[PDB]
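Enquirer: Structure below; questions to follow.
Chains as they are written, first to last, in the deposited numbering: chain K, 369 to 420; chain H, 369 to 420; chain I, 102 to 261; chain C, 102 to 261; chain L, 102 to 261; chain F, 103 to 261.
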């Protein structure tokens, strides 16, 4: 249950420190919405560029 | 409790298939509101004609 | 010029769904008929504060029109002859049972128009009505020759 | 100008409750119809020394009209078309059954007005009738197409 | 006089924190940008009744643009030359990186002004910007030459 | 001055479902809302304001923000037998009370501050039945000492 606990710790910390960082890196990008940068290939959980 | 159940079944089914059908037969009638038809004498749960 | 003069005076009410007029709540003969599938608040506190269930078989609401809106609330005759009934998007006349207008009347955002004579007598409320070749039909809700409230629906009806 | 000329000629009688008029004792079709909840004496000795029980289901009194005023008291037709029946505070018209007048008619101190044609025929007497909207109702006491004396009353009528 | 002609026609939206205009929601390139520490309702049902999370590093709300305002909202260029961009409290220009105005622009109740070309191109939004000797600065959110949305901020910025 | 000075003043109606039933008036710091008058207000500096009950006087209070501070209805406590004025006419009375001509309106009116030609609030309407020819004014006012008091004839009015 400790081992089950820490993975749930490592889950939710990974949730925040992915989804926040997935919410970020699109806020700089998906607010300009043209946003010509084909380095979306670092999150691939927040997706769909504009062909550019 | 089965016999008590089925009457409660036969209650609520009678509720809907009376009150819906009492909500109906006044919606055709109590929306025109003159509505000269003295055959309200089929529901007598939704009541009060307009003397006509 | 009674198609616009009289109708602007009528106390119909549009239904802004988040600011978007999708239909007109017309107060007609006592009780009000909101087109039910049309959703949204309305521009009257005595109308938007008005709880109402469904006349779902006809797809209408009801009233509960309070004592500060009634009494010239589009009084009317239940029947209709084949009359030139008029409203914002033009006039209608048809000879047997139905209502059909020239093409391009607009059903979307329109359903809710009470169907007034030049005299100013409601005979129907808009529901829809696909183009039948040339003309645009009208589905409506209306009254029977007996006064019985029916609805008139051609096939492949329009939204609201 | 028949709504005030013809009426002032008629033998209506206000019911002063210690000088305060609360309604009009009118003499209609033989007998007299005093509004019962209206109380106080009357300006006629042929009507002031006159004892009367209750038509409490209708909330009226009755006659017992002396023979001196007989032979001219507000003859009428029991029925009514959608007519512009008129009196002191204006005219009424409604298409089937009810009676509705423009707003501000006043229902206090007035219930007791007989409901006269331009011809001058009483098809009703006021019971009140709440402020409905831009117009105002009239609950009344009137007569069936069969001549049967009835009362017509919308929901939540007025005092007298 | 384009600083008011073009600008009044633009569909910004003030944020009344209980009547108190503390900032302007602006509807930019599709999505809408609220200065997020500014709080309160807004004068559009398309805009008032929407929930929005936080662009907390920039301190803004976000999209929430219904499709009816789509096809006309504040198209722009991400970049800017050192031009005279304009709004209600005057114009702005700077050579390198930033935005500074004549003194007295007002920070309170102002943050939310979009930053429009004479041509009508939104290059940024007000955040703040302390007085710099003679001039007043502007902290903003804007866009990189690459188009990356960034915020340019001098030290000791303003309330909104 | 019975309408020029008053329309310029920052009175505020209380719409109960759109129906005005009284005027919240911002009087020397604290606002004095008639309490039995219910409904929201046409000022959000005033409508988002929680206020407990001065139920012995049947009022609310302030808690008025600071933007409206430095300009609100400066007044005196006392009053001579002056021709104090507002929307529905003027008032004067000699000792203790306030009475106006008939038809001032008690309904939808209680909340008017009671202003001099100079524009000084010595009272606020509470009500006050018709007094034969004239009409009373139940009010809330200030004692000669300054003590905030309410004046009430028998059988006062709704708001």
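The beta carbon of each residue, even a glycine, is placed where N, CA and C say it ideally should be.
1) Count the other CB atoms, across all protein chains shown, that sit within 10 Å of the CB of residue 161 of chain L; report buried if there are 16 or more and exposed otherwise.
2) So is residue 254 of chain C in contact with chain I if we call contact Cβ pairs under 9 Å?
3) Under the DSSP definition of a beta bridge, which residues are partnered with residue 122 of chain F?
4) What's the C-alpha gap between residue 210 of chain I and residue 171 of chain I?
5) For residue 159 of chain L, go through chain K and note every residue whose CB falls closer than 9 Å to its CB, in chain order.
6) Helix, strand or coil for residue 380 of chain K per DSSP?
7) Check for me: the alpha helix (DSSP H) holding residue 107 of chain C runs from which residue to which?
8) Is residue 384 of chain H buried or exposed, if buried means 16 or more other CB atoms sit within 10 Å of its CB?
9) Indicate whether the contact test is met: 3 or more Cβ pairs, each with one atom in the segment 150-158 of chain L and one in the segment 131-139 of chain L, closer than 8 Å.
10) Using a cut-off of 8 Å between C-beta atoms, extract the partners of residue 131 of chain L located in chain K.
11) Figure out for me which residue from C/259, C/247 and C/260 has the closest Cα to the Cα of residue 419 of chain H.
12) Between the segment 106-124 of chain F and the segment 192-208 of chain F, are three or more C-beta pairs nearer than 8 Å?
13) Based on the DSSP output, what are the partners of residue 236 of chain I in its beta bridges?
14) Our contact map puts residue 159 of chain L next to residue 395 of chain K with C-beta atoms below 8 Å; I'd like the distance itself, whole angstroms only.
15) Kindly list the residues whose CB is nearer than 7 Å to the CB of residue 233 of chain F, restricted to its own chain and excluding five residues on each side of it in sequence; keep chain order.
16) I need the DSSP call for residue 193 of chain I, collapsed to helix, strand or coil.
17) Quickly, what does DSSP pair residue 187 of chain I with across the bridge? List them, please.
18) Should residue 126 of chain C go down as buried or exposed, given a rule of 16 or more other Cβ atoms within 10 Å for buried?
19) For residue 392 of chain K, return the contacting residues in chain L, with the cut-off set at a CB-CB distance below 7 Å.
20) Taking the DSSP output, what are the residues bridged to residue 243 of chain C?
21) Cβ atoms of residue 208 of chain I and residue 244 of chain I: under 9 Å apart, would you say?
22) If you measure from the beta carbon of residue 251 of chain C to each beta carbon in chain H, is any gap under 9 Å?
23) Determine the burial state of residue 370 of chain H: buried for a count of at least 16 other Cβ atoms within 10 Å of its Cβ, exposed for fewer.
24) Are any of the Cβ atoms in chain C nearer than 9 Å to that of residue 373 of chain H?
25) Going along chain K, which residues have a C-beta under 8 Å from residue 179 of chain L?
26) Looking at the structure shown, is residue 175 of chain F part of a helix, part of a strand, or coil, going by DSSP?
27) From the DSSP output, in three-state form, read off residue 413 of chain K for me.
28) Using the rule of at least 16 other Cβ atoms within 10 Å of the residue's Cβ for burial, across every protein chain shown, is residue 237 of chain L buried or exposed?
29) Is there a Cβ from chain I that is less than 9 Å from the Cβ of residue 126 of chain L?
30) So, using beta-carbon positions, are residue 177 of chain I and residue 129 of chain I closer together than 9 Å?
31) Can you look up residue 127 of chain L in the DSSP assignment and give me helix, strand or coil?
32) Does any residue of chain L bring its CB to less than 9 Å from the CB of residue 187 of chain F?
33) Which residues bound the beta strand (DSSP E) around residue 200 of chain I?
34) Where do the N-terminal and C-terminal ends of the alpha helix (DSSP H) with residue 403 of chain K fall, by residue?
35) Would you report the Cα separation of residue 256 of chain I and residue 413 of chain K, rounded to the nearest angstrom?
36) Return the Cβ separation of residue 190 of chain F and residue 206 of chain F in integer angstroms, given the expectation that the two are a contact with Cβ distance under 8 Å.
Expert: Checking against the coordinates, here is how it stands:
1) buried
2) no
3) F/117
4) 25 Å
5) 395, 396 and 399
6) helix
7) 103-109
8) exposed
9) yes
10) 401
11) C/247
12) no
13) I/233
14) 7 Å
15) 201
16) strand
17) I/192 and I/217
18) buried
19) 158
20) C/225 and C/251
21) no
22) yes
23) exposed
24) no
25) 400 and 402
26) coil
27) coil
28) buried
29) no
30) yes
31) strand
32) no
33) 200-202
34) Neither: residue 403 of chain K is in no alpha helix (DSSP H) and is coded neither H nor E.
35) 46 Å
36) 4 Å
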